[PDB]
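A.B. asks: My structure file final_9.cif, mmCIF, N, CA, C and O atoms, is below:
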data_entry
#
loop_
_atom_site.label_atom_id
_atom_site.label_comp_id
_atom_site.auth_asym_id
_atom_site.auth_seq_id
_atom_site.Cartn_x
_atom_site.Cartn_y
_atom_site.Cartn_z
N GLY A 1 91.51 111.31 12.53
CA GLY A 1 90.60 110.55 11.70
C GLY A 1 89.38 111.31 11.25
O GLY A 1 88.52 110.71 10.60
N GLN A 2 89.27 112.58 11.58
CA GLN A 2 88.21 113.40 11.01
C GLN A 2 88.52 113.64 9.54
O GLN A 2 89.61 114.11 9.22
N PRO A 3 87.62 113.30 8.63
CA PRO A 3 87.90 113.49 7.20
C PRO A 3 87.92 114.97 6.84
O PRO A 3 87.17 115.77 7.40
N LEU A 4 88.81 115.33 5.92
CA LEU A 4 88.84 116.71 5.46
C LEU A 4 87.65 117.01 4.56
O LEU A 4 87.14 118.14 4.57
N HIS A 5 87.19 116.03 3.79
CA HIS A 5 86.03 116.25 2.94
C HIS A 5 84.75 116.20 3.76
O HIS A 5 84.62 115.45 4.73
N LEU A 6 83.80 117.01 3.35
CA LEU A 6 82.51 116.98 4.01
C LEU A 6 81.58 116.03 3.27
O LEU A 6 81.64 115.93 2.04
N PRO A 7 80.73 115.29 3.99
CA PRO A 7 79.93 114.24 3.34
C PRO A 7 78.85 114.82 2.45
O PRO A 7 78.35 115.92 2.68
N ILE A 8 78.50 114.07 1.41
CA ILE A 8 77.47 114.51 0.48
C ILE A 8 76.11 114.32 1.14
O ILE A 8 75.94 113.49 2.05
N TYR A 9 75.14 115.14 0.73
CA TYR A 9 73.82 115.17 1.34
C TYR A 9 72.81 114.56 0.39
O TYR A 9 72.79 114.89 -0.80
N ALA A 10 71.98 113.66 0.91
CA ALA A 10 71.04 112.93 0.07
C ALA A 10 69.86 113.81 -0.32
O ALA A 10 69.44 114.72 0.39
N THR A 11 69.31 113.51 -1.50
CA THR A 11 68.12 114.12 -2.04
C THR A 11 66.91 113.26 -1.71
O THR A 11 66.91 112.06 -2.02
N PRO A 12 65.89 113.82 -1.06
CA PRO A 12 64.74 113.01 -0.65
C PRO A 12 63.91 112.54 -1.83
O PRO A 12 63.90 113.14 -2.91
N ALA A 13 63.20 111.43 -1.61
CA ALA A 13 62.46 110.77 -2.68
C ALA A 13 61.24 111.58 -3.08
O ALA A 13 60.77 112.45 -2.35
N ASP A 14 60.73 111.29 -4.27
CA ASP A 14 59.56 112.01 -4.75
C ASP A 14 58.29 111.29 -4.31
O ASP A 14 58.17 110.07 -4.48
N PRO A 15 57.32 112.00 -3.74
CA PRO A 15 56.08 111.35 -3.30
C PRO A 15 55.18 111.05 -4.48
O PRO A 15 55.19 111.75 -5.50
N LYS A 16 54.38 109.99 -4.34
CA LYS A 16 53.46 109.61 -5.40
C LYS A 16 52.18 110.43 -5.32
O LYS A 16 51.72 110.80 -4.23
N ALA A 17 51.61 110.73 -6.48
CA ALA A 17 50.36 111.47 -6.59
C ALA A 17 49.24 110.47 -6.82
O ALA A 17 49.08 109.94 -7.93
N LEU A 18 48.48 110.20 -5.76
CA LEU A 18 47.37 109.25 -5.83
C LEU A 18 46.27 109.80 -6.72
O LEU A 18 45.77 110.91 -6.53
N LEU A 19 45.88 109.00 -7.71
CA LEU A 19 44.94 109.45 -8.72
C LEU A 19 43.82 108.43 -8.83
O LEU A 19 44.06 107.22 -8.82
N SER A 20 42.59 108.93 -8.91
CA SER A 20 41.42 108.09 -9.06
C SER A 20 40.89 108.19 -10.48
O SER A 20 41.05 109.21 -11.15
N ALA A 21 40.28 107.11 -10.95
CA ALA A 21 39.65 107.07 -12.25
C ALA A 21 38.15 106.93 -12.06
O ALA A 21 37.69 106.05 -11.32
N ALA A 22 37.38 107.79 -12.71
CA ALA A 22 35.93 107.78 -12.64
C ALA A 22 35.38 107.49 -14.02
O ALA A 22 35.53 108.30 -14.94
N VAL A 23 34.77 106.32 -14.18
CA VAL A 23 34.21 105.90 -15.46
C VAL A 23 32.71 105.69 -15.29
O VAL A 23 32.21 105.56 -14.17
N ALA A 24 32.00 105.66 -16.41
CA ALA A 24 30.57 105.44 -16.40
C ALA A 24 30.22 104.24 -17.27
O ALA A 24 30.99 103.86 -18.17
N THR A 25 29.07 103.64 -17.00
CA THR A 25 28.62 102.44 -17.70
C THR A 25 27.39 102.75 -18.54
O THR A 25 26.70 103.75 -18.32
N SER A 26 27.12 101.89 -19.52
CA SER A 26 25.99 102.05 -20.42
C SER A 26 25.06 100.85 -20.32
O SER A 26 25.35 99.78 -20.88
N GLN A 27 23.95 101.02 -19.62
CA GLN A 27 22.90 100.03 -19.56
C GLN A 27 21.93 100.25 -20.71
O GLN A 27 21.64 101.39 -21.08
N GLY A 28 21.45 99.16 -21.29
CA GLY A 28 20.57 99.25 -22.44
C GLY A 28 19.16 99.61 -22.02
O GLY A 28 18.68 99.18 -20.96
N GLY A 29 18.48 100.41 -22.84
CA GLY A 29 17.14 100.85 -22.51
C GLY A 29 16.11 99.76 -22.76
O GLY A 29 16.31 98.85 -23.57
N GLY A 30 14.99 99.86 -22.05
CA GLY A 30 13.92 98.90 -22.23
C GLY A 30 13.00 99.26 -23.38
O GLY A 30 12.72 100.43 -23.67
N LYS A 31 12.51 98.22 -24.04
CA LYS A 31 11.56 98.36 -25.13
C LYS A 31 10.14 98.37 -24.57
O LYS A 31 9.94 98.38 -23.35
N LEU A 32 9.16 98.38 -25.46
CA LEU A 32 7.79 98.51 -25.01
C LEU A 32 7.12 97.14 -24.88
O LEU A 32 7.46 96.21 -25.62
N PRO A 33 6.18 96.99 -23.96
CA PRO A 33 5.32 95.80 -23.95
C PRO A 33 4.29 95.84 -25.07
O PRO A 33 4.23 96.77 -25.88
N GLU A 34 3.46 94.81 -25.09
CA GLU A 34 2.55 94.62 -26.21
C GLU A 34 1.29 95.46 -26.03
O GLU A 34 0.80 95.64 -24.92
N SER A 35 0.78 95.98 -27.15
CA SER A 35 -0.47 96.72 -27.14
C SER A 35 -1.64 95.80 -26.86
O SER A 35 -2.00 94.95 -27.68
N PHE A 36 -2.25 95.97 -25.70
CA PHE A 36 -3.46 95.25 -25.34
C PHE A 36 -4.64 96.21 -25.30
O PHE A 36 -4.63 97.19 -24.56
N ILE A 37 -5.65 95.91 -26.10
CA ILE A 37 -6.78 96.81 -26.29
C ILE A 37 -7.75 96.58 -25.13
O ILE A 37 -7.74 95.51 -24.51
N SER A 38 -8.53 97.60 -24.79
CA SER A 38 -9.48 97.49 -23.70
C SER A 38 -10.89 97.86 -24.15
O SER A 38 -11.14 98.14 -25.33
N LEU A 39 -11.80 97.86 -23.19
CA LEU A 39 -13.19 98.19 -23.48
C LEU A 39 -13.43 99.69 -23.46
O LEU A 39 -14.37 100.18 -24.08
N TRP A 40 -12.62 100.41 -22.70
CA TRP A 40 -12.99 101.77 -22.36
C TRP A 40 -12.70 102.73 -23.50
O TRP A 40 -11.83 102.50 -24.34
N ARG A 41 -13.46 103.82 -23.52
CA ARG A 41 -13.16 104.92 -24.42
C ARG A 41 -11.98 105.72 -23.91
O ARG A 41 -11.33 105.38 -22.92
N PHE A 42 -11.72 106.82 -24.60
CA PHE A 42 -10.49 107.57 -24.33
C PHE A 42 -10.45 108.30 -22.98
O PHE A 42 -9.43 108.14 -22.29
N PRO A 43 -11.45 109.10 -22.55
CA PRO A 43 -11.22 109.91 -21.35
C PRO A 43 -11.12 109.12 -20.05
O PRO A 43 -10.35 109.51 -19.16
N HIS A 44 -11.86 108.02 -19.93
CA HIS A 44 -11.79 107.23 -18.70
C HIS A 44 -10.44 106.56 -18.56
O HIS A 44 -9.83 106.58 -17.48
N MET A 45 -9.93 105.99 -19.66
CA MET A 45 -8.63 105.35 -19.63
C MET A 45 -7.53 106.39 -19.44
O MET A 45 -6.52 106.13 -18.77
N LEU A 46 -7.74 107.60 -19.98
CA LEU A 46 -6.78 108.68 -19.79
C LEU A 46 -6.69 109.11 -18.34
O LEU A 46 -5.58 109.25 -17.80
N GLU A 47 -7.83 109.32 -17.69
CA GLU A 47 -7.84 109.71 -16.29
C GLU A 47 -7.27 108.60 -15.40
O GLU A 47 -6.55 108.88 -14.43
N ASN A 48 -7.57 107.35 -15.74
CA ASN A 48 -7.03 106.21 -15.01
C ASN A 48 -5.50 106.18 -15.08
O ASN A 48 -4.82 106.06 -14.05
N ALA A 49 -4.96 106.35 -16.29
CA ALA A 49 -3.51 106.37 -16.46
C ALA A 49 -2.89 107.58 -15.78
O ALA A 49 -1.76 107.51 -15.29
N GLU B 1 -6.19 95.51 -10.29
CA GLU B 1 -6.94 96.28 -11.27
C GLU B 1 -6.48 95.98 -12.68
O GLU B 1 -7.29 95.93 -13.62
N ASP B 2 -5.19 95.71 -12.86
CA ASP B 2 -4.70 95.40 -14.19
C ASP B 2 -5.15 94.01 -14.62
O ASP B 2 -5.47 93.78 -15.80
N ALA B 3 -5.22 93.07 -13.68
CA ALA B 3 -5.76 91.75 -13.99
C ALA B 3 -7.24 91.83 -14.34
O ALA B 3 -7.71 91.10 -15.22
N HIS B 4 -7.97 92.73 -13.68
CA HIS B 4 -9.36 92.98 -14.05
C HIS B 4 -9.48 93.54 -15.46
O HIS B 4 -10.32 93.08 -16.24
N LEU B 5 -8.65 94.53 -15.79
CA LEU B 5 -8.71 95.14 -17.12
C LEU B 5 -8.31 94.16 -18.20
O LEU B 5 -8.78 94.27 -19.34
N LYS B 6 -7.46 93.20 -17.88
CA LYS B 6 -7.19 92.15 -18.84
C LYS B 6 -8.38 91.20 -18.96
O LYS B 6 -8.75 90.81 -20.08
N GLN B 7 -9.00 90.83 -17.85
CA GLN B 7 -10.08 89.86 -17.91
C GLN B 7 -11.44 90.50 -18.15
O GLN B 7 -12.46 89.83 -18.01
N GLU B 8 -11.48 91.78 -18.49
CA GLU B 8 -12.74 92.44 -18.78
C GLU B 8 -13.18 92.10 -20.20
O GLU B 8 -12.35 91.99 -21.11
N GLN B 9 -14.48 91.90 -20.39
CA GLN B 9 -15.02 91.54 -21.70
C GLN B 9 -16.33 92.27 -21.96
O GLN B 9 -16.88 92.95 -21.09
N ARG B 10 -16.83 92.09 -23.17
CA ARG B 10 -18.17 92.53 -23.52
C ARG B 10 -19.16 91.42 -23.21
O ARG B 10 -19.00 90.29 -23.69
N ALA B 11 -20.18 91.73 -22.43
CA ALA B 11 -21.13 90.70 -22.03
C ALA B 11 -22.29 90.61 -23.01
O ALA B 11 -22.65 91.59 -23.68
N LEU B 12 -22.87 89.42 -23.11
CA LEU B 12 -24.11 89.23 -23.84
C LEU B 12 -25.24 89.13 -22.83
O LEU B 12 -25.23 88.26 -21.95
N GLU B 13 -26.21 90.03 -22.93
CA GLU B 13 -27.25 90.18 -21.93
C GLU B 13 -28.57 89.73 -22.53
O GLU B 13 -29.18 90.45 -23.32
N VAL B 14 -29.03 88.55 -22.14
CA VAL B 14 -30.25 87.97 -22.69
C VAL B 14 -31.30 87.95 -21.59
O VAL B 14 -31.04 87.48 -20.48
N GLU B 15 -32.48 88.47 -21.90
CA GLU B 15 -33.63 88.37 -21.02
C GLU B 15 -34.42 87.13 -21.38
O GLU B 15 -34.39 86.68 -22.53
N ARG B 16 -35.13 86.58 -20.40
CA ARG B 16 -36.03 85.47 -20.67
C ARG B 16 -37.17 85.48 -19.67
O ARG B 16 -36.96 85.73 -18.48
N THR B 17 -38.37 85.22 -20.17
CA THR B 17 -39.57 85.17 -19.36
C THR B 17 -39.91 83.73 -19.02
O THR B 17 -39.95 82.87 -19.91
N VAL B 18 -40.14 83.47 -17.74
CA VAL B 18 -40.54 82.15 -17.27
C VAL B 18 -41.97 82.24 -16.76
O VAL B 18 -42.24 82.93 -15.78
N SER B 19 -42.87 81.52 -17.42
CA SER B 19 -44.26 81.44 -16.98
C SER B 19 -44.43 80.14 -16.22
O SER B 19 -44.20 79.05 -16.77
N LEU B 20 -44.86 80.24 -14.96
CA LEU B 20 -44.86 79.09 -14.07
C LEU B 20 -45.96 78.11 -14.42
O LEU B 20 -45.89 76.93 -14.06
N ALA B 21 -47.01 78.58 -15.09
CA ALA B 21 -48.06 77.67 -15.55
C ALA B 21 -47.53 76.69 -16.58
O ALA B 21 -47.83 75.49 -16.51
N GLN B 22 -46.71 77.18 -17.50
CA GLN B 22 -46.03 76.31 -18.45
C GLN B 22 -45.04 75.38 -17.76
O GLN B 22 -44.91 74.22 -18.14
N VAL B 23 -44.36 75.88 -16.73
CA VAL B 23 -43.32 75.10 -16.07
C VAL B 23 -43.92 73.95 -15.28
O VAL B 23 -43.54 72.79 -15.47
N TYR B 24 -44.88 74.24 -14.40
CA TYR B 24 -45.56 73.17 -13.68
C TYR B 24 -46.46 72.34 -14.58
O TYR B 24 -46.80 71.21 -14.21
N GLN B 25 -46.86 72.86 -15.73
CA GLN B 25 -47.66 72.05 -16.64
C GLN B 25 -46.78 71.10 -17.44
O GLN B 25 -47.07 69.90 -17.50
N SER B 26 -45.71 71.60 -18.04
CA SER B 26 -44.78 70.76 -18.77
C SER B 26 -43.77 70.18 -17.79
O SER B 26 -42.79 70.83 -17.43
N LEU B 27 -44.01 68.94 -17.37
CA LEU B 27 -43.15 68.23 -16.44
C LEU B 27 -43.15 66.76 -16.83
O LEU B 27 -43.50 66.40 -17.96
N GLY B 28 -42.78 65.91 -15.88
CA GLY B 28 -43.13 64.51 -15.97
C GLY B 28 -44.63 64.32 -15.78
O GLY B 28 -45.33 65.27 -15.43
N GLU B 29 -45.12 63.10 -15.95
CA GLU B 29 -46.57 62.88 -16.02
C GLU B 29 -47.28 63.11 -14.69
O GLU B 29 -48.51 63.17 -14.66
N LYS B 30 -46.54 63.25 -13.59
CA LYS B 30 -47.07 63.85 -12.38
C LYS B 30 -46.98 65.36 -12.54
O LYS B 30 -46.10 66.00 -11.96
N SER B 31 -47.88 65.92 -13.34
CA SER B 31 -47.92 67.36 -13.56
C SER B 31 -49.37 67.80 -13.45
O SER B 31 -50.28 66.98 -13.28
N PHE B 32 -49.59 69.10 -13.58
CA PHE B 32 -50.85 69.69 -13.17
C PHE B 32 -50.94 71.09 -13.76
O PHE B 32 -49.93 71.69 -14.14
N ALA B 33 -52.16 71.60 -13.84
CA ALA B 33 -52.43 72.97 -14.25
C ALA B 33 -52.40 73.85 -13.01
O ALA B 33 -52.98 73.51 -11.98
N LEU B 34 -51.72 75.00 -13.12
CA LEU B 34 -51.35 75.79 -11.95
C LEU B 34 -52.57 76.42 -11.29
O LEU B 34 -52.69 76.41 -10.06
N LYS B 35 -53.49 76.95 -12.10
CA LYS B 35 -54.60 77.75 -11.59
C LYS B 35 -55.56 76.92 -10.76
O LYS B 35 -55.85 77.25 -9.60
N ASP B 36 -56.05 75.82 -11.33
CA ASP B 36 -57.03 74.98 -10.66
C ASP B 36 -56.44 74.30 -9.44
O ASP B 36 -57.12 74.16 -8.42
N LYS B 37 -55.17 73.90 -9.50
CA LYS B 37 -54.57 73.22 -8.37
C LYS B 37 -54.28 74.18 -7.23
O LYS B 37 -54.46 73.82 -6.06
N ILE B 38 -53.87 75.42 -7.55
CA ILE B 38 -53.70 76.39 -6.48
C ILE B 38 -55.04 76.77 -5.87
O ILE B 38 -55.17 76.88 -4.64
N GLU B 39 -56.07 76.86 -6.71
CA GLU B 39 -57.41 77.17 -6.23
C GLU B 39 -57.95 76.06 -5.33
O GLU B 39 -58.56 76.34 -4.29
N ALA B 40 -57.71 74.81 -5.69
CA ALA B 40 -58.18 73.70 -4.88
C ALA B 40 -57.36 73.54 -3.60
O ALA B 40 -57.92 73.27 -2.54
N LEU B 41 -56.04 73.72 -3.70
CA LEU B 41 -55.16 73.56 -2.55
C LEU B 41 -55.34 74.68 -1.54
O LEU B 41 -55.11 74.48 -0.34
N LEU B 42 -55.74 75.87 -1.99
CA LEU B 42 -56.05 76.94 -1.05
C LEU B 42 -57.50 76.89 -0.59
O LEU B 42 -57.79 77.33 0.53
N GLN B 43 -58.39 76.37 -1.42
CA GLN B 43 -59.78 76.20 -1.02
C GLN B 43 -59.91 75.11 0.03
O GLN B 43 -60.39 75.36 1.14
N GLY B 44 -59.51 73.89 -0.31
CA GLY B 44 -59.45 72.82 0.66
C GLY B 44 -58.35 73.07 1.68
O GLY B 44 -57.32 73.66 1.37
N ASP B 45 -58.61 72.64 2.91
CA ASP B 45 -57.65 72.77 3.99
C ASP B 45 -56.90 71.46 4.21
O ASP B 45 -56.59 71.09 5.35
N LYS B 46 -56.60 70.75 3.12
CA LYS B 46 -56.10 69.39 3.18
C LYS B 46 -54.57 69.41 3.11
O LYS B 46 -53.94 70.45 2.84
N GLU B 47 -53.96 68.25 3.36
CA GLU B 47 -52.53 68.00 3.21
C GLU B 47 -52.02 68.21 1.78
O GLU B 47 -50.83 68.48 1.62
N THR B 48 -52.91 68.15 0.79
CA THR B 48 -52.56 67.92 -0.61
C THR B 48 -51.60 68.97 -1.18
O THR B 48 -51.68 70.16 -0.86
N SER B 49 -50.64 68.48 -1.95
CA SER B 49 -49.65 69.32 -2.61
C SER B 49 -49.30 68.67 -3.93
O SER B 49 -49.30 67.44 -4.06
#
Can you present the structure in this file as structure tokens?
C.D. replies:
Amino acid sequence: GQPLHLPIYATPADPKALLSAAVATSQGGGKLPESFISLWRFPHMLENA
Amino acid sequence: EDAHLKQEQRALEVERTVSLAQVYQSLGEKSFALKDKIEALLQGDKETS
């Protein structure tokens, strides 16, 4: 009962290549607040800022 | 400090002279001239005011 033919040999499966996706988002920029005038002249307000 | 800079304003600076002879003279009808009454109230050693 030993077969004369030799058995066929299986081919192993292909492994999966794990891949990541890196995307970026776009947040909208902020606008300016309102111009509020003050009492001070230029150099004092400049140094303060 | 930002709340101060918002609430900062230009001030109006008014001087005023108060003459006490006019003040004690111009009153209700229980009024008096300042010089003579101070002279009498300091001269006399009485209760009077």
A.B. asks: Write out as lines of an AutoDock Vina configuration file an axis-aligned box for segment 10-20 of chain A: all of its atoms listed in the file, 6 Å added on each side, centre and edge lengths in Å with one decimal.
C.D. replies:
center_x = 56.4
center_y = 111.0
center_z = -5.1
size_x = 43.1
size_y = 19.5
size_z = 24.1
A.B. asks: To test your reading of the syntax: which residues would the PyMOL selection byres ((chain A) within 7 of (chain B)) return for the file shown? Reply as JSON, numbers by chain.
C.D. replies: {"A": [37, 38, 39]}
A.B. asks: Take atom CA of residue 2 of chain B and atom CA of residue 30 of chain A and report the distance between them in Å, one decimal.
C.D. replies: 20.6 Å
A.B. asks: Considering only helix (DSSP H, G or I) as DSSP defines it on the backbone, what residues of chain A qualify? List them as a ChimeraX atom specification.
C.D. replies: /A:42-48
A.B. asks: In Å, with one decimal, what is the gap from atom N of residue 28 of chain B to atom O of residue 49 of chain B?
C.D. replies: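 Spanning atom N of residue 28 of chain B to atom O of residue 49 of chain B is a straight-line distance of 13.6 Å.
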A.B. asks: Atom CA of residue 21 of chain B to atom CA of residue 34 of chain B: how many Å, to one decimal?
C.D. replies: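 Here the two named atoms are 5.2 Å from each other.
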